[PDB]
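**Q** Just so you know, the protein sequences line up as chains A and B, in that order.
Just add 1 to the spot in the first sequence (first one is 1) and you have PDB author numbering.
Just add 1 to the spot in the second sequence (first one is 1) and you have PDB author numbering.
One structure follows; several queries about it will come next.
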Amino acid sequence: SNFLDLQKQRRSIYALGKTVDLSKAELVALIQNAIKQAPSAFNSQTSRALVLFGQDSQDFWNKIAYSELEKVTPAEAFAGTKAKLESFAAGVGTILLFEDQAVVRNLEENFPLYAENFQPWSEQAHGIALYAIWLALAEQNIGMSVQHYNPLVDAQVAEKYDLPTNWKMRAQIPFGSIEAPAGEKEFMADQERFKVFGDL
Amino acid sequence: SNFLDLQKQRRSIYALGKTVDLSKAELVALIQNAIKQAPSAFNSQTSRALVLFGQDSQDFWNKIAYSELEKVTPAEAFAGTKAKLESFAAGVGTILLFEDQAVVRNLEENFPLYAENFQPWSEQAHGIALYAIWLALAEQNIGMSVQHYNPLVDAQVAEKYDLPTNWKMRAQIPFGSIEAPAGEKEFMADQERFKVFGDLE
Ligand SMILES: Cc1cc2nc3c(=O)[nH]c(=O)nc-3n(C[C@H](O)[C@H](O)[C@H](O)COP(=O)(O)O)c2cc1C
Ligand SMILES: Cc1cc2nc3c(=O)[nH]c(=O)nc-3n(C[C@H](O)[C@H](O)[C@H](O)COP(=O)(O)O)c2cc1C
């Protein structure tokens with residue numbers, strides 16, 4: 002098999018469970034290594050990550066995200082939110098990805114000739130880290146989805162885990178065993194997406 | 002041979018050659034399929050790409066890039082620029098990655114509540130398409146690098162190929178045969194980069 006097979010295997014999984022065959026040490030090393038190997042502009046390595054397990058992971062969703070969402074969600078709609086938060090907490094853990102703003106700013110100040118690009122290149126590096134993790138877990142038959150309850154949960158997350166303010170949260174990832182396969186995904190016409198020129 | 006092996010094999014190759022044993026059709030498929038499988042915010046699919054071979058690929062660096070860099074690069078320094086441009090054209094081809102702005106705008110306009118997320122999600126989607134290609138090619142022992150001469154060469158590239166005006170260029174990737182391994186790698190202190198809380202049930 003090749004990389005294309007793994008790419009096809011990787012999908013967004015919303016039905017997660019706790020039946021994984023890897024330990025904490027193996028899960029931690031898998032995640033961190035996947036992120037460490039993900040490239041970044043000038044090897045700035047602005048990628049930061051928080052990995053939660055057990056009660057911690059579940060509390061992030063059922064307590065942190067929960068308390069914040071009820072302050073902005075309609076009463077007649079909260080029931081559906083609580084259930085959704087539970088589905089994410091039903092997994093093995095949660096990964097929170099951050100981008101170190103102190104490193105991006107240091108770059109802007111020292112190399113203004115590039116400045117404008119540091120912010121976008123930082124967002125690009127985050128995406129790369131996200132895909133790196135997604136691929137690494139998919140190969141191990143571990144499912145996950147990408148969530149964006151930021152910056153709503155930012156405040157509480159930082160205080161609870163003594164996270165520097167410069168660590169700007171960009172995504173929260175619940176992961177676990179795959180309890181239900183994803184459905185049919187759609188693709189756009191390749192003709193209006195790509196263009197080839199030249200021969201070689 | 003897990004994913005981590007491939008990740009570690011993927012490096013920024015600056016020494017490229019023209020000795021690739023894959024037909025154009027296979028190269029095109031490799032690149033396009035890798036992009037298609039790369040995810041994007043609610044399957045928005047804002048990634049676009051232009052693959053150039055031969056003269057087209059060579060001209061992008063020696064003509065378009067060159068001409069634009071020359072008009073803004075110091076005389077007593079342009080010498081190095083030309084040398085680099087030729088190292089990129091010494092490969093098999095070039096990949097230009099764009100992000101469809103028309104799609105992103107339609108989202109920011111209809112979703113004034115999430116408007117601020119689309120731009121960063123687009124940049125992130127671009128990075129994902131980039132890494133997807135970089136990995137697909139590394140597995141084929143095909144080297145490449147990511148360059149950023151945008152938006153300096155935006156107008157000429159868009160004109161020469163008459164691309165949709167919404168295709169905002171984000172990167173130019175020269176690929177070819179790996180003529181020499183990458184240097185050494187540097188990693189920051191992990192205890193400064195990560196944090197772990199909790200245990201498995
Ligand atoms: C968003 C982003 C922008 C990048 N831009 C450039 C660039 O303009 N020129 C270049 O030579 N390398 C560029 N790179 C490559 C990185 O500098 C390189 O991946 C990093 O130093 C690590 O090296 P490795 O790829 O060999 O592991 C970029 C990487 C990312 C993720
Ligand atoms: C930058 C970026 C942001 C995303 N954000 C969300 C999100 O907020 N919520 C969600 O459920 N999925 C989110 N996704 C996942 C995509 O919707 C999903 O990957 C896409 O529809 C393709 O499906 P697949 O992941 O199953 O291949 C995001 C993906 C990217 C690349």
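The C-beta atom is built at its ideal place from N, Cα and C for all residues, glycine as well.
(1) For the segment 37-51 of chain A, enumerate the residues whose C-beta is nearer than 8 angstroms to any C-beta of chain B, in chain order.
(2) Taking 8 angstroms as the cut-off, does the CB of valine 52 of chain B come closer than this to any heavy atom belonging to ligand 2?
(3) With respect to the alpha helix (DSSP H) encompassing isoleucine 36 of chain B, which residues constitute its N-terminal and C-terminal limits?
(4) Going by DSSP in three states, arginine 194 of chain B sits in which element: helix, strand or coil?
(5) Is the beta carbon of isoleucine 174 of chain A sitting closer than 9 angstroms to the one on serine 146 of chain A?
(6) What residues from chain A crowd round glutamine 33 of chain B, counting only those whose CB sits closer than 7 angstroms?
(7) So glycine 92 of chain B is in the beta strand (DSSP E); what residue range does that whole segment cover?
(8) So, with DSSP's three-state summary, where would you put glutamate 180 of chain B?
(9) Would you report the Cα separation of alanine 116 of chain B and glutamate 71 of chain A, rounded to the nearest angstrom?
(10) What residues from chain B crowd round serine 178 of chain A, counting only those whose CB sits closer than 8 angstroms?
(11) Which whole-angstrom value is the C-beta distance of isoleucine 134 of chain B and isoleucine 36 of chain B, which I expect to be below 8 angstroms?
(12) What three-state label does DSSP hand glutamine 148 of chain A in the structure shown?
(13) Which residue's Cα is closest to the Cα of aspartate 200 of chain A: B:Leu7, B:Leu17, B:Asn3, B:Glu27?
(14) So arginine 106 of chain A is in the alpha helix (DSSP H); what residue range does that whole segment cover?
(15) Nearest to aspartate 60 of chain A by alpha carbon, out of A:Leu164, A:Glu100, A:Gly92?
(16) To the nearest angstrom, report how far apart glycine 55 of chain B and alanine 139 of chain B are at their CA atoms.
(17) Does the beta carbon of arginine 106 of chain A come closer than 9 angstroms to any beta carbon on chain B?
(18) Name all residues in chain order for which at least one heavy atom of ligand 2 lies closer than 6 angstroms to the residue's CB.
(19) Verify whether the separation of the beta carbon atoms of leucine 97 of chain B and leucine 136 of chain A is less than 9 angstroms.
(20) If you measure from the CB of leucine 131 of chain B, is any heavy atom of ligand 1 nearer than 8 angstroms?
(21) Indicate the three-state DSSP secondary structure (helix, strand or coil) for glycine 81 of chain B in the structure shown.
(22) Spell out the partners DSSP gives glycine 18 of chain A in its beta bridges.
(23) Quick one: list the residues of chain B neighbouring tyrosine 15 of chain A, beta-carbon separation under 9 angstroms, in chain order.
(24) Comparing the C-beta of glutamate 110 of chain B with each C-beta of chain A, is any distance below 9 angstroms?
(25) Check whether the segment 95-110 of chain A touches the segment 148-167 of chain A, taking contact to mean three or more Cβ pairs, one atom from each stretch, closer than 8 angstroms.
(26) Would you say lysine 9 of chain A lies against chain B (beta-carbon separation less than 9 angstroms)?
**A** According to the structure shown:
(1) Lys37, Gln38, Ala39, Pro40, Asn44, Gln46, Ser48, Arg49, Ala50, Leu51
(2) For the purposes of this step, residue 52 of chain B is identified with residue 51 of the second sequence, where counting begins at 1. It does not: the Cβ of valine 52 of chain B is nowhere closer than 8 angstroms to a heavy atom of ligand 2.
(3) As a position in the second sequence, residue 36 of chain B is number 35, starting the count at 1. Element bounds for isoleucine 36 of chain B: 25-38.
(4) Counted from its first residue, the second sequence places residue 194 of chain B at position 193. Note: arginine 194 of chain B maps to helix in three-state DSSP.
(5) Taking the first residue of the first sequence as 1, we reach residue 174 of chain A at position 173. Taking the first residue of the first sequence as 1, we reach residue 146 of chain A at position 145. Yes, the pair counts as a contact, with Cβ atoms nearer than the cut-off.
(6) The count along the second sequence starts at 1 and reaches residue 33 of chain B at position 32. By Cβ distance, chain A contributes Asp191, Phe195.
(7) Numbered from its first residue, the second sequence carries residue 92 of chain B at position 91. Counting along the chain, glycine 92 of chain B falls outside any beta strand (DSSP E), and DSSP gives it neither H nor E.
(8) The count along the second sequence starts at 1 and reaches residue 180 of chain B at position 179. Correct three-state label for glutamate 180 of chain B: coil.
(9) Taking the first residue of the second sequence as position 1, residue 116 of chain B is located at position 115. Taking the first residue of the first sequence as position 1, residue 71 of chain A is located at position 70. Approximately 22 angstroms, taken between the alpha carbons.
(10) In the first sequence, counting from the first residue as 1, residue 178 of chain A sits at position 177. Correct list: empty, because the minimum Cβ distance to chain B is about 12 angstroms.
(11) On the second sequence, position 133 is the one that residue 134 of chain B refers to. On the second sequence, position 35 is the one that residue 36 of chain B refers to. Indeed they touch by this definition, with Cβ atoms about 7 angstroms apart.
(12) Translated into the one-based positions of the first sequence, residue 148 of chain A becomes position 147. The answer is strand: DSSP assigns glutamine 148 of chain A an E or B state.
(13) Taking the first residue of the first sequence as 1, we reach residue 200 of chain A at position 199. The shortest C-alpha separation from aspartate 200 of chain A is found at B:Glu27.
(14) Taking the first residue of the first sequence as 1, we reach residue 106 of chain A at position 105. Where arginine 106 of chain A is concerned, the enclosing alpha helix (DSSP H) starts and stops at 102-111.
(15) As a working mapping, residue 60 of chain A is identified with position 59 in the first sequence. Minimum Cα distance to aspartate 60 of chain A is reached at A:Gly92.
(16) One-based indexing of the second sequence puts residue 55 of chain B at position 54. One-based indexing of the second sequence puts residue 139 of chain B at position 138. About 21 angstroms.
(17) Locating residue 106 of chain A in the first sequence gives position 105, where the first residue counts as 1. False, the Cβ-Cβ gap to chain B never drops below 9 angstroms.
(18) Those residues, listed in chain order, are A:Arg12, A:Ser13, A:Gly128, A:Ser146, A:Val147, A:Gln148, A:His149, A:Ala183, A:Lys186, B:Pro40, B:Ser41, B:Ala42, B:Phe43, B:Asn44, B:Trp122, B:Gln125, B:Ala126, B:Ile129.
(19) Translated into positions along the second sequence, residue 97 of chain B becomes position 96. Translated into positions along the first sequence, residue 136 of chain A becomes position 135. No, Cβ-Cβ distance for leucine 97 of chain B and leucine 136 of chain A is not below 9 angstroms.
(20) On the second sequence, residue 131 of chain B is found 130 positions in, with the first residue counted as 1. Flag set: Cβ of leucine 131 of chain B near ligand 1.
(21) Position 80 of the second sequence, counted from the first residue, corresponds to residue 81 of chain B. Looking at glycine 81 of chain B - three-state DSSP - the assignment turns out to be helix.
(22) On the first sequence, residue 18 of chain A is found 17 positions in, with the first residue counted as 1. A:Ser178, per the DSSP bridge assignment.
(23) Position 14 of the first sequence, counted from the start, is the residue given in the question as residue 15 of chain A. Within 9 angstroms Cβ-Cβ: nothing; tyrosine 15 of chain A doesn't reach chain B, min ~13 angstroms.
(24) Counting from 1 along the second sequence, the entry for residue 110 of chain B is found at position 109. By this cut-off, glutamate 110 of chain B is not an interface position.
(25) yes
(26) Here residue 9 of chain A refers to the residue found at position 8 of the first sequence. With its beta carbon less than 9 angstroms from one in chain B, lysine 9 of chain A belongs to the interface.
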